[PDB]
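Student: Once you've seen the sequence and the experimental structure below, I've got questions.
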Amino acid sequence: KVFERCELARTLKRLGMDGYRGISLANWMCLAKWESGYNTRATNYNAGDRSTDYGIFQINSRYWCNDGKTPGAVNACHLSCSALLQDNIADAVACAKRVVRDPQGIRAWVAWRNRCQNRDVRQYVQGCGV
Ligand SMILES: CC(=O)N[C@@H]1[C@@H](O)[C@H](O)[C@@H](CO)O[C@@H]1O
């Protein structure tokens, strides 16, 4: 599914993401916006290393989920990458929380650095009641 902006904001808040490991909801929203356009079924194949990015947060199969077809991969979220393509984002949120429990935090998503870091991200939660 493609979330509407404020629908996603409230969904993420109910799943405990506001301030998780210090990350504001608006940062999670900025991440989802620029990774997938709020699209839970999005996939991106990376021909350079044979990995695939999955779901609304475009979490990568080399380290975080298992899709069986990524060489030399691990599965730190202990999920099938299929779980990151559901309309219900609970599993994707659990995996995103696992990602940011590692040292880089939200910087683990390279695109967050380019699109959200040191930027005014509040527009993404304006009017959503969060
Ligand atoms: C949290 C996450 O999945 N980050 C992955 C990162 O590890 C990978 O090296 C980059 C390259 O495509 O994609 C994403 O940023």
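Tutor: Arrived safely, thanks for sending. Numbers count the residues shown, from 1 in each chain.
Student: Relative to residue 42, how far out is the most centrally placed residue in the chain?
Tutor: The C-alpha lying nearest the average C-alpha coordinate of the chain belongs to residue 57 (C-alpha atoms, centre = their mean; 2.3 Å). Going from residue 57 to residue 42 by C-beta to C-beta, to the nearest Å gives 9 Å. Just so you know, the C-beta spots here come from the backbone N, C-alpha and C atoms, and that holds for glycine as well.
Student: any common contacting residues for those two?
Tutor: 35, 36 (C-beta atoms under 8 Å, 6 or more residues apart in numbering).
Student: and the closest residue to residue 42 other than its chain neighbours, how many neighbours?
Tutor: Nearest non-adjacent residue to residue 42, counting by C-beta to C-beta, 6 or more residues apart in numbering: residue 36, 4.1 Å away. Residues lying near residue 36 (other C-beta atoms under 10 Å) number 21.
Student: Ok, residue 7 next?
Tutor: The burial count assigned to residue 7 is 13, neighbours taken as other C-beta under 10 Å.
Student: swap in residue 79?
Tutor: Other residues within reach of residue 79, judged by other C-beta under 10 Å, total 19.
Student: For the closest residue to it other than its chain neighbours, what are phi and psi?
Tutor: Spatial nearest neighbour of residue 79, excluding adjacent residues (C-beta to C-beta, 6+ apart): residue 65 at 5.1 Å. Dihedral angles of residue 65 (phi, psi; degrees, to the nearest 10) stand at phi -140, psi 160.
Student: thinking residue 65 is in contact with residue 95, fair?
Tutor: Yes. Using C-beta atoms under 8 Å, residue 65 is in contact with residue 95, at 6.7 Å.
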